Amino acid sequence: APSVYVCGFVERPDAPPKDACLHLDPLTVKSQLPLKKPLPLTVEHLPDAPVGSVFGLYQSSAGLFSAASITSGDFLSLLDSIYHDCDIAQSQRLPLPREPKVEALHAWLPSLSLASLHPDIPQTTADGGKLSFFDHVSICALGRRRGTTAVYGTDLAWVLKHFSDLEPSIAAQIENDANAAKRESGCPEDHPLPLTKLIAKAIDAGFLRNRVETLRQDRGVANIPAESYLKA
């Protein structure tokens, strides 16, 4: 029962996209405030591809930060299989110990994507701020917002070190929401895993012009160390 940790910024201001839809109203953000209830961690925005859970989102002079964990046994073993059948997972940008499941995560699903729904149609303004509801964070081939590139690890301590622009105050407390959430029960065999839906999602990621060069800028924007397990 060993689990991975997914961390990174789902949205950064110093990495603002030209699209205004992506813009998140900091008002709705601080409205959803802390840990009401965790958020579903899915693979490529697939509701049938839940692999873990987001146990907190936080703000920084850098941007919104998301901390989650992958607890899907059948998915954790998939990254295992996938690893020795993927030259891209195996080879490393920079020499580092052989880390199966995580090196696969970095080749398969590099970025983070925060999706929100909107009661849309009835429109709102939480006495200052337009309504939206955080429903899930997904691991993807490339998030829409820049600097969304993640980091995978066995311990937040090490996983959070990569983000030097992360106010120690957040990191200090975030290390606790992890132990706190560790009370979660057990939910194996929840949806095998849409291998077919996942392959399709992997196919879409074959037609991304300048993706590796964009994942480069993302690790730099997140100011993550150039000696990371990332592939770009």
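Position 1 is the first residue in the sequence shown; the rest follow in order.
- Per-stretch averaging of Cα B factors for 181-189 and 61-69 places 181-189 on top.
- Two stretches are in play, 109-117 and 152-160, and the higher mean C-alpha B-factor belongs to 152-160.
- Across the options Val10, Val212, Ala222, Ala15, the residue with the most elevated CA B-factor in the record is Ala15.
- Comparing the listed residues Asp74, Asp80, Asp135, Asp85, the entry records the largest Cα B-factor for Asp85.
- In the deposited entry, the Cα temperature factor of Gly147 sits in the bottom third of values across the chain's modelled residues.
- Among the modelled residues of the chain, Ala1 sits in the highest third by CA temperature factor in this PDB entry.
- Among the modelled residues of its chain, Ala126 has a C-alpha B-factor that falls in the highest third, as given in the PDB entry.
- When the modelled residues of the chain are ordered by C-alpha B-factor, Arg93 sits in the middle third.
- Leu33: CA B factor lies in the highest third for its chain, per the PDB record.
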